[PDB]
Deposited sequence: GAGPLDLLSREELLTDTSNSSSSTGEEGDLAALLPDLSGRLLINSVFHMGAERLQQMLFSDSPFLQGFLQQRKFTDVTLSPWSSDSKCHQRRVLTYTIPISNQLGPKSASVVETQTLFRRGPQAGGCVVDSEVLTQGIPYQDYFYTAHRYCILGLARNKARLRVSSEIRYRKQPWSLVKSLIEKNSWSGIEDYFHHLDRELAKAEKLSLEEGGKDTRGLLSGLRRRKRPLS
């Protein structure tokens, strides 16, 4: 059904972990995801359980404070995230709103995780992303949002791919 996003393909790896286990690791209050957000220096991390009243999907929300490295404005920011899980393995859509940064009103980002089982203890992981503009900033500003966002997005997910790798 649902395809990739018209932005970039961040992750496309095959792991020798079950789709169930891999799903448990990424989309729950797992010690993996805990030890990982700690590793990328995220503070004030707060998770919610998945909703239940819905029939075809579920929803949760996350929040956490992140460090900003790009010499532009604050040296930290808050991030409210919303995840919707569709069981099929599974797929989950993520809306990430970063607050407290420059030009926060201009844009937000979307990400899609695809988990497809392959064998008893083997599954694939795909992650595509895209940038979504509520309003169009002029050339100078937009180039900067594209540049800094994709650098922080790739740096995040590439490290996420490596940590799942060393997890066995």
Write out the missing regions of the deposited sequence in sequence order, one range per stretch. 1 to 32, 121 to 125, 206 to 231
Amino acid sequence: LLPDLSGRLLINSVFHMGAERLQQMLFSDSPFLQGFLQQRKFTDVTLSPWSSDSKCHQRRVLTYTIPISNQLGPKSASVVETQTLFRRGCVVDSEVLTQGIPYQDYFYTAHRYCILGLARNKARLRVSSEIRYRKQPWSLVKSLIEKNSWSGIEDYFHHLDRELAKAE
From here on, numbers count along this sequence of modelled residues.
If you average the CA temperature factors over each stretch, which comes out higher, 90 to 98 or 68 to 76? 68 to 76
When mean C-alpha B-factors in the record are compared for 133 to 141 and 51 to 59, the larger belongs to 51 to 59
Sorting 30, 104, 128, 109 by Cα temperature factor from the record, which one lands on top? 30
For residue 24, the third of its chain by CA B-factor is the highest
Per the entry's values, where does residue 14 land by CA temperature factor relative to the rest of its chain, in the lowest, middle or highest third? middle
